[PDB]
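Right, one structure below, let's go through it.
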Amino acid sequence: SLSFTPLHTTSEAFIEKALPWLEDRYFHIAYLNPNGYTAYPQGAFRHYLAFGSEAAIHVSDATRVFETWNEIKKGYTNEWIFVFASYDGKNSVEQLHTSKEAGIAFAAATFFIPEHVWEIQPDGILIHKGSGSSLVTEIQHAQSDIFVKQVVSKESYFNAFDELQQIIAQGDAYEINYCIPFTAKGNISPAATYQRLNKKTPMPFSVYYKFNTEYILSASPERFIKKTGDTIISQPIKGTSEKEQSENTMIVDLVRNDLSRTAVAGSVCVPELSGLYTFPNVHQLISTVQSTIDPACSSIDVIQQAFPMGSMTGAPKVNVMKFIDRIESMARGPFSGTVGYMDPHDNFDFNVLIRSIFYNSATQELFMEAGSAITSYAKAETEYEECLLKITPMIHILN
């Protein structure tokens with residue numbers, strides 16, 4: 001049996017106390033917050049709060065992300081593993097390099113076997129791991145503005161956009177997700193900043209994460225990949241605009257390839273293409289791509305072959321990842337990476353790290369990016385404006 005502690009406040013009120021309290025006491029914290037998106041297709045994130053560790057690994061070499069993941073999984077079978085993998089983990093999937101400097105000092109990937117794993121429910125805390133009842137009880141009874149620098153000027157954006165359109169016009173690609181970075185220097189209170197971000201823009205795959213001095217404050221609306229028994233799903237998001245419909249199909253079809261590499265033959269399908277879902281703060285169109293795991297492939301193989309996300313790269317994927325690395329101004333680092341968990345039953349769930357603020361308290365660095373899908377239907381003025389609008393919420397919360 002598991003132990004359950006009844007709450008005498010809302011779960012929101014508990015977590016408003018819990019995150020800062022834990023911030024002050026632990027160096028490894030992962031909080032996955034579905035924000036009451038109860039109607040999300042296949043479910044939103046599990047509402048997990050995991051903290052402390054019996055084992056933790058910080059990877060700096062981006063070619064060793066999946067090697068390390070495999071090693072720790074072998075050592076900790078039938079155990080909880082909380083994972084961050086940077087976009088540069090691409091260099092562990094294909095023969096690729098990252099040619100530019102990153103915008104923040106940050107791991108290529110991190111892994112921890114948590115000491116405590118709680119599932120937050122509306123009426124209480126379900127304890128999956130650890131004997132932390134007394135900590136729930138302890139928690140129960142327990143700032144300058146920052147200017148954000150636009151790294152890529154409008155002139156530079158248009159030059160890059162034109163370069164990408166020429167690649168497309170030559171027939172060397174048909175879709176490229178082009179992103180631009182924003183940086184700042186300063187001090188923030190991360191849990192407090194997460195609370196401001198999350199209250200303003202609550203999303204189904206939100207995360208607060210701390211590893212040493214590295215923090216991820218995410219308002220991600222997007223699932224990268226999930227495993228439930230033998231069933232794998234990935235859910236690109238994208239409105240009867242012909243441009244959008246065409247883009248969505250290009251991406252869904254790329255994700256089918258990625259799942260196909262570790263799937264039972266004939267099992268890759270699309271149960272829902274652009275399904276309309278209505279939530280309190282937003283309506284969303286969501287596509288669900290599904291496969292059945294090939295018994296000869298491990299859960300890590302599934303993720304590796306699908307990484308980084310199709311929705312954040314393009315087609316053809318390998319060459320487009322090369323074009324991205326050449327044409328973007330900085331390494332993406334944690335942007336377009338993933339945070340998630342593997343559980344003792346070999347189920348897993350992982351998000352897409354967009355709509356996020358990345359912070360390192362040791363270096364006083366802040367980093368964020370935004371991007372959009374570039375195709376033959378894109379116009380520079382419009383996509384530039386879209387990038388700026390997409391980042392504006394994050395800049396707003398920091399001020």
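Letters for chains follow the order of the structure tokens (A, B, ...), residue numbers begin at 1 for each chain, and ligand numbers begin at 1 in the order shown.
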
If you run DSSP on the backbone here, which positions in region 125-269 of chain A get strand (DSSP E)? Please write them as an NGL selection string. :A and (125-129 or 149-150 or 175-185 or 206-211 or 214-218 or 223-228 or 231-234 or 269)

Keeping only N, CA and C atoms, write those residues as a compact mmCIF listing (two decimals), in the first residue's frame.
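That gives us again-v3.txt:
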```txt
# COMPACT_ATOMS: atom_id res chain seq x y z
N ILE A 125 -2.06 14.32 -0.88
CA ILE A 125 -0.76 13.93 -1.44
C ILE A 125 -0.61 12.42 -1.35
N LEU A 126 -0.48 11.78 -2.51
CA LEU A 126 -0.25 10.35 -2.61
C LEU A 126 1.25 10.11 -2.70
N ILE A 127 1.80 9.40 -1.73
CA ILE A 127 3.25 9.20 -1.66
C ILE A 127 3.66 7.90 -2.33
N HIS A 128 4.36 8.03 -3.46
CA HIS A 128 4.83 6.89 -4.24
C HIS A 128 6.18 6.37 -3.76
N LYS A 129 7.02 7.28 -3.28
CA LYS A 129 8.35 6.91 -2.81
C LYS A 129 8.80 7.82 -1.69
N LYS A 149 17.55 40.93 -23.72
CA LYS A 149 18.22 41.28 -24.97
C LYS A 149 17.76 40.39 -26.11
N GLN A 150 17.34 41.00 -27.21
CA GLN A 150 17.05 40.30 -28.44
C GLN A 150 18.35 40.08 -29.20
N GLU A 175 10.40 22.07 -44.76
CA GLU A 175 9.93 22.71 -43.54
C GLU A 175 11.09 22.82 -42.57
N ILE A 176 11.25 24.00 -41.96
CA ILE A 176 12.33 24.25 -40.98
C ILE A 176 11.80 25.10 -39.85
N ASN A 177 11.97 24.64 -38.60
CA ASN A 177 11.56 25.41 -37.43
C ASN A 177 12.72 26.31 -37.00
N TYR A 178 12.62 27.60 -37.30
CA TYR A 178 13.70 28.55 -37.09
C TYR A 178 13.40 29.36 -35.85
N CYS A 179 14.34 29.34 -34.91
CA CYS A 179 14.19 29.93 -33.60
C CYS A 179 15.25 30.99 -33.37
N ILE A 180 14.88 32.00 -32.57
CA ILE A 180 15.81 33.06 -32.20
C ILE A 180 15.86 33.23 -30.68
N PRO A 181 17.07 33.46 -30.15
CA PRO A 181 17.31 33.56 -28.71
C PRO A 181 17.23 34.94 -28.08
N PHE A 182 16.93 34.93 -26.78
CA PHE A 182 16.84 36.12 -25.94
C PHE A 182 17.58 35.81 -24.66
N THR A 183 18.40 36.75 -24.20
CA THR A 183 19.24 36.53 -23.02
C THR A 183 19.11 37.69 -22.05
N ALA A 184 19.43 37.42 -20.79
CA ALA A 184 19.47 38.46 -19.76
C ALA A 184 20.42 38.05 -18.66
N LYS A 185 20.80 39.04 -17.85
CA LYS A 185 21.66 38.81 -16.70
C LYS A 185 20.93 39.34 -15.49
N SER A 206 3.35 22.07 -17.89
CA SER A 206 4.17 23.02 -17.14
C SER A 206 5.15 22.30 -16.20
N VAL A 207 6.31 22.91 -15.97
CA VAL A 207 7.35 22.34 -15.13
C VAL A 207 8.05 23.42 -14.31
N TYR A 208 8.31 23.11 -13.04
CA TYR A 208 9.35 23.77 -12.25
C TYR A 208 10.42 22.74 -12.00
N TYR A 209 11.66 23.06 -12.34
CA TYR A 209 12.78 22.12 -12.17
C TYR A 209 13.98 22.85 -11.62
N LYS A 210 14.68 22.18 -10.69
CA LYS A 210 15.94 22.65 -10.11
C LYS A 210 16.91 21.48 -10.14
N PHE A 211 18.12 21.72 -10.65
CA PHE A 211 19.19 20.72 -10.57
C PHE A 211 20.48 21.48 -10.27
N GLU A 214 20.80 25.08 -11.74
CA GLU A 214 20.14 25.20 -13.05
C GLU A 214 18.65 25.03 -12.87
N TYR A 215 17.87 25.96 -13.44
CA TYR A 215 16.41 25.97 -13.26
C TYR A 215 15.69 26.04 -14.60
N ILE A 216 14.56 25.35 -14.68
CA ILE A 216 13.68 25.38 -15.84
C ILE A 216 12.31 25.80 -15.30
N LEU A 217 11.78 26.89 -15.86
CA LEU A 217 10.48 27.43 -15.49
C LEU A 217 9.67 27.39 -16.77
N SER A 218 8.82 26.39 -16.91
CA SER A 218 8.15 26.11 -18.20
C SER A 218 6.65 26.22 -18.18
N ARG A 223 3.27 17.95 -25.43
CA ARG A 223 3.86 16.64 -25.15
C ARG A 223 4.78 16.22 -26.30
N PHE A 224 6.00 15.84 -25.95
CA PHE A 224 6.95 15.24 -26.88
C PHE A 224 6.58 13.77 -27.07
N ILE A 225 6.67 12.98 -26.01
CA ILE A 225 6.47 11.54 -26.17
C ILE A 225 6.09 10.89 -24.84
N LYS A 226 5.18 9.92 -24.92
CA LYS A 226 4.65 9.22 -23.75
C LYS A 226 4.57 7.72 -24.04
N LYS A 227 4.77 6.90 -23.01
CA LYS A 227 4.64 5.45 -23.08
C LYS A 227 3.70 5.01 -21.97
N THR A 228 2.65 4.29 -22.36
CA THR A 228 1.66 3.77 -21.43
C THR A 228 1.48 2.31 -21.82
N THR A 231 2.00 1.24 -25.55
CA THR A 231 1.51 2.25 -26.50
C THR A 231 2.30 3.54 -26.36
N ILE A 232 2.83 4.00 -27.48
CA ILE A 232 3.63 5.23 -27.56
C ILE A 232 2.77 6.30 -28.22
N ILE A 233 2.77 7.51 -27.67
CA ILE A 233 2.13 8.63 -28.33
C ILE A 233 3.02 9.87 -28.34
N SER A 234 2.86 10.66 -29.39
CA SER A 234 3.49 11.97 -29.51
C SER A 234 2.44 12.93 -30.07
N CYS A 269 0.02 5.01 -36.42
CA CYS A 269 -1.23 5.58 -36.87
C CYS A 269 -1.45 6.96 -36.29
```

Got a sec: who's within 12 Å of residue 375 (chain A), counting only C-alpha atoms, leaving out chain neighbours fewer than 3 positions off, as a ChimeraX atom specification? /A:161-162,164-169,171-178,243-244,246-248,250-251,314-315,372,378-380,383

Mind writing the picked residues with N, CA, C and O atoms as a compact mmCIF listing (two decimals), in the first residue's frame?
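What landed in out14.txt:
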```txt
# COMPACT_ATOMS: atom_id res chain seq x y z
N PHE A 161 16.09 34.11 -42.64
CA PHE A 161 14.85 33.70 -43.28
C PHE A 161 15.06 33.51 -44.78
O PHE A 161 14.61 32.51 -45.37
N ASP A 162 15.74 34.45 -45.42
CA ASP A 162 16.00 34.36 -46.87
C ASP A 162 16.89 33.15 -47.16
O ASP A 162 16.66 32.45 -48.15
N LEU A 164 17.02 30.39 -45.50
CA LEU A 164 16.17 29.21 -45.37
C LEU A 164 15.24 29.06 -46.57
O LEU A 164 15.00 27.94 -47.04
N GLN A 165 14.70 30.16 -47.06
CA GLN A 165 13.81 30.11 -48.23
C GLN A 165 14.56 29.65 -49.48
O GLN A 165 13.99 28.97 -50.34
N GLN A 166 15.83 30.02 -49.57
CA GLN A 166 16.66 29.57 -50.69
C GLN A 166 16.92 28.07 -50.61
O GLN A 166 16.89 27.37 -51.63
N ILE A 167 17.15 27.55 -49.40
CA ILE A 167 17.29 26.10 -49.20
C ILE A 167 16.02 25.37 -49.64
O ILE A 167 16.08 24.36 -50.35
N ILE A 168 14.86 25.90 -49.25
CA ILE A 168 13.57 25.36 -49.69
C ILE A 168 13.38 25.49 -51.21
O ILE A 168 12.98 24.52 -51.87
N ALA A 169 13.66 26.67 -51.77
CA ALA A 169 13.50 26.88 -53.21
C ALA A 169 14.39 25.95 -54.05
O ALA A 169 14.04 25.62 -55.19
N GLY A 171 15.01 22.88 -53.21
CA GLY A 171 14.56 21.52 -52.95
C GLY A 171 15.40 20.73 -51.95
O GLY A 171 15.40 19.50 -52.00
N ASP A 172 16.09 21.43 -51.05
CA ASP A 172 16.89 20.75 -50.03
C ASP A 172 16.16 20.60 -48.69
O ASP A 172 16.65 19.89 -47.80
N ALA A 173 15.02 21.25 -48.55
CA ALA A 173 14.15 21.08 -47.39
C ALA A 173 12.76 21.53 -47.76
O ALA A 173 12.61 22.28 -48.72
N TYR A 174 11.75 21.11 -47.02
CA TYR A 174 10.42 21.72 -47.19
C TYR A 174 9.81 22.32 -45.93
O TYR A 174 8.80 23.01 -46.02
N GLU A 175 10.40 22.07 -44.76
CA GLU A 175 9.93 22.71 -43.54
C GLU A 175 11.09 22.82 -42.57
O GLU A 175 11.81 21.85 -42.38
N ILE A 176 11.25 24.00 -41.96
CA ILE A 176 12.33 24.25 -40.98
C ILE A 176 11.80 25.10 -39.85
O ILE A 176 11.24 26.16 -40.08
N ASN A 177 11.97 24.64 -38.60
CA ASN A 177 11.56 25.41 -37.43
C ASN A 177 12.72 26.31 -37.00
O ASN A 177 13.71 25.83 -36.46
N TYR A 178 12.62 27.60 -37.30
CA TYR A 178 13.70 28.55 -37.09
C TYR A 178 13.40 29.36 -35.85
O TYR A 178 12.32 29.98 -35.74
N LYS A 243 -2.35 27.23 -44.90
CA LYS A 243 -0.96 27.22 -44.44
C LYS A 243 -0.78 26.32 -43.21
O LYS A 243 0.14 25.49 -43.15
N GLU A 244 -1.68 26.47 -42.24
CA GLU A 244 -1.59 25.72 -40.99
C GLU A 244 -1.89 24.24 -41.16
O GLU A 244 -1.23 23.40 -40.56
N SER A 246 -1.54 22.44 -43.90
CA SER A 246 -0.42 21.86 -44.64
C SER A 246 0.80 21.66 -43.75
O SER A 246 1.42 20.59 -43.77
N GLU A 247 1.16 22.69 -42.97
CA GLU A 247 2.25 22.58 -42.01
C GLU A 247 2.03 21.43 -41.03
O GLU A 247 2.94 20.69 -40.72
N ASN A 248 0.82 21.33 -40.51
CA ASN A 248 0.53 20.33 -39.48
C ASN A 248 0.74 18.92 -40.04
O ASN A 248 1.35 18.07 -39.40
N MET A 250 2.69 18.03 -42.60
CA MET A 250 4.13 17.83 -42.79
C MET A 250 4.76 17.31 -41.51
O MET A 250 5.54 16.37 -41.53
N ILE A 251 4.43 17.96 -40.39
CA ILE A 251 5.02 17.61 -39.10
C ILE A 251 4.52 16.27 -38.56
O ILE A 251 5.34 15.46 -38.13
N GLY A 314 12.38 19.67 -38.56
CA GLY A 314 11.86 19.81 -39.92
C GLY A 314 12.18 18.63 -40.81
O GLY A 314 12.58 17.58 -40.33
N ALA A 315 11.99 18.82 -42.11
CA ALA A 315 12.17 17.73 -43.07
C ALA A 315 12.95 18.21 -44.29
O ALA A 315 12.69 19.31 -44.82
N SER A 372 9.25 29.57 -35.19
CA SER A 372 8.08 29.22 -35.96
C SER A 372 8.46 28.40 -37.17
O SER A 372 9.64 28.34 -37.55
N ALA A 378 5.49 30.82 -45.87
CA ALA A 378 5.84 31.82 -44.85
C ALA A 378 6.30 33.14 -45.43
O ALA A 378 6.96 33.17 -46.48
N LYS A 379 5.99 34.22 -44.71
CA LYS A 379 6.43 35.57 -45.06
C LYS A 379 7.27 36.12 -43.90
O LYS A 379 6.87 35.99 -42.74
N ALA A 380 8.41 36.72 -44.22
CA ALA A 380 9.37 37.16 -43.19
C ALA A 380 8.74 38.10 -42.16
O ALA A 380 8.93 37.94 -40.95
N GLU A 383 6.44 36.12 -39.77
CA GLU A 383 7.09 35.16 -38.88
C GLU A 383 7.98 35.86 -37.86
O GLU A 383 8.07 35.43 -36.70
```

Shell of 10 Å around region 354-356 of chain A, only C-alpha atoms, local chain residues under 6 positions omitted, as a VMD selection string: chain A and resid 194 197 201 203 206 to 208 216 to 222 312 334 to 338 367 to 371 390 to 394

Within 8 Å of residue 300 (chain A), counting only C-alpha atoms, which residues qualify if same-chain residues fewer than 5 places away don't, as a compact mmCIF listing (two decimals) with C-alpha atoms, in the first residue's frame?
```
# COMPACT_ATOMS: atom_id res chain seq x y z
CA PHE A 66 21.66 8.43 -24.33
CA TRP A 69 20.49 7.35 -19.87
CA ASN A 70 21.00 3.68 -20.71
```

What is the CA of residue 80 (chain A) to CA of residue 237 (chain A) distance in Å?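 Computing it gives 28.2 Å between the two atoms.
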
Residues near residue 136 (chain A), cut-off 8 Å, only C-alpha atoms, skip fewer than 3 positions along chain, as a PyMOL selection string: chain A and resi 5+125+132-133+139-140

Filtering to C-alpha atoms, could you give me those residues as a tab-separated table (two decimals), in the first residue's frame?
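Dumped everything to out04.tsv:
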```tsv
chain	number	residue	atom	x	y	z
A	5	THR	CA	-1.88	12.60	3.34
A	125	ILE	CA	-0.76	13.93	-1.44
A	132	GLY	CA	7.87	11.84	3.56
A	133	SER	CA	4.51	12.19	5.38
A	139	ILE	CA	5.26	22.31	4.55
A	140	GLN	CA	1.60	22.54	5.68
```

I'd like the neighbourhood of residue 263 (chain A) as a PyMOL selection string, where a residue qualifies if any of its atoms comes within 7 Å (using only C-alpha atoms), though same-chain residues fewer than 3 positions away should be ignored. chain A and resi 259-260+267-268+291-294

Between CA of residue 322 (chain A) and CA of residue 257 (chain A), what is the distance, to one decimal in Å? 18.5 Å

May I have all residues of region 5-51 of chain A that DSSP, computed from the backbone, assigns to alpha helix (DSSP H), given as a ChimeraX atom specification? /A:11-23

With N, CA, C and O atoms retained, export the selected residues as a PDB file, in the first residue's frame.
```
ATOM      1  N   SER A  11      -4.716  22.284  -3.528  1.00  0.00           N
ATOM      2  CA  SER A  11      -3.398  21.817  -3.957  1.00  0.00           C
ATOM      3  C   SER A  11      -2.526  22.994  -4.395  1.00  0.00           C
ATOM      4  O   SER A  11      -1.315  22.991  -4.163  1.00  0.00           O
ATOM      5  N   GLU A  12      -3.142  24.005  -5.003  1.00  0.00           N
ATOM      6  CA  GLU A  12      -2.409  25.199  -5.438  1.00  0.00           C
ATOM      7  C   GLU A  12      -1.766  25.879  -4.241  1.00  0.00           C
ATOM      8  O   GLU A  12      -0.584  26.245  -4.277  1.00  0.00           O
ATOM      9  N   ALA A  13      -2.536  26.035  -3.165  1.00  0.00           N
ATOM     10  CA  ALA A  13      -2.012  26.682  -1.959  1.00  0.00           C
ATOM     11  C   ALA A  13      -0.889  25.875  -1.326  1.00  0.00           C
ATOM     12  O   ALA A  13       0.086  26.449  -0.831  1.00  0.00           O
ATOM     13  N   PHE A  14      -1.014  24.549  -1.344  1.00  0.00           N
ATOM     14  CA  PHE A  14       0.044  23.688  -0.837  1.00  0.00           C
ATOM     15  C   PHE A  14       1.331  23.892  -1.640  1.00  0.00           C
ATOM     16  O   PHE A  14       2.403  24.057  -1.079  1.00  0.00           O
ATOM     17  N   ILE A  15       1.207  23.880  -2.962  1.00  0.00           N
ATOM     18  CA  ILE A  15       2.381  23.960  -3.835  1.00  0.00           C
ATOM     19  C   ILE A  15       3.032  25.352  -3.754  1.00  0.00           C
ATOM     20  O   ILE A  15       4.251  25.468  -3.876  1.00  0.00           O
ATOM     21  N   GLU A  16       2.231  26.393  -3.514  1.00  0.00           N
ATOM     22  CA  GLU A  16       2.789  27.742  -3.326  1.00  0.00           C
ATOM     23  C   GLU A  16       3.730  27.771  -2.116  1.00  0.00           C
ATOM     24  O   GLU A  16       4.723  28.498  -2.119  1.00  0.00           O
ATOM     25  N   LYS A  17       3.430  26.960  -1.105  1.00  0.00           N
ATOM     26  CA  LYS A  17       4.305  26.791   0.056  1.00  0.00           C
ATOM     27  C   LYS A  17       5.453  25.817  -0.210  1.00  0.00           C
ATOM     28  O   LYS A  17       6.582  26.050   0.214  1.00  0.00           O
ATOM     29  N   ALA A  18       5.146  24.718  -0.895  1.00  0.00           N
ATOM     30  CA  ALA A  18       6.087  23.618  -1.083  1.00  0.00           C
ATOM     31  C   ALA A  18       7.323  23.980  -1.912  1.00  0.00           C
ATOM     32  O   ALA A  18       8.436  23.622  -1.534  1.00  0.00           O
ATOM     33  N   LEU A  19       7.137  24.659  -3.041  1.00  0.00           N
ATOM     34  CA  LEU A  19       8.273  24.870  -3.948  1.00  0.00           C
ATOM     35  C   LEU A  19       9.379  25.733  -3.315  1.00  0.00           C
ATOM     36  O   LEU A  19      10.538  25.325  -3.302  1.00  0.00           O
ATOM     37  N   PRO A  20       9.021  26.905  -2.737  1.00  0.00           N
ATOM     38  CA  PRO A  20      10.087  27.666  -2.052  1.00  0.00           C
ATOM     39  C   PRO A  20      10.726  26.926  -0.867  1.00  0.00           C
ATOM     40  O   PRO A  20      11.934  27.017  -0.663  1.00  0.00           O
ATOM     41  N   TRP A  21       9.921  26.187  -0.100  1.00  0.00           N
ATOM     42  CA  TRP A  21      10.415  25.404   1.039  1.00  0.00           C
ATOM     43  C   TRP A  21      11.405  24.353   0.563  1.00  0.00           C
ATOM     44  O   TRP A  21      12.451  24.149   1.163  1.00  0.00           O
ATOM     45  N   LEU A  22      11.069  23.679  -0.534  1.00  0.00           N
ATOM     46  CA  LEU A  22      11.963  22.692  -1.101  1.00  0.00           C
ATOM     47  C   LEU A  22      13.194  23.334  -1.739  1.00  0.00           C
ATOM     48  O   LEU A  22      14.282  22.798  -1.640  1.00  0.00           O
ATOM     49  N   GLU A  23      13.010  24.467  -2.402  1.00  0.00           N
ATOM     50  CA  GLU A  23      14.130  25.214  -2.992  1.00  0.00           C
ATOM     51  C   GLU A  23      15.264  25.452  -2.012  1.00  0.00           C
ATOM     52  O   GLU A  23      16.443  25.444  -2.382  1.00  0.00           O
TER      53      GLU A  23
END
```

Grab the CA of residue 290 (chain A) to CA of residue 205 (chain A) distance for me, in Å with one decimal place. 18.7 Å

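With distances restricted to only C-alpha atoms, A:249 is the closest residue to residue 274 (chain A) from A:249, A:63, A:3, A:159.
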
Which of these, A:6, A:75, A:316, A:308, has the shortest distance to residue 353 (chain A) once you count only C-alpha atoms?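 Among the listed residues, A:308 lies closest to residue 353 (chain A).
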
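Minimum atom-to-atom distance to residue 99 (chain A), evaluated using only C-alpha atoms, belongs to A:333 out of A:275, A:202, A:333, A:340.
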
Using only C-alpha atoms, can you tell me which of A:307, A:4, A:350, A:384 comes closest to residue 93 (chain A)? A:307
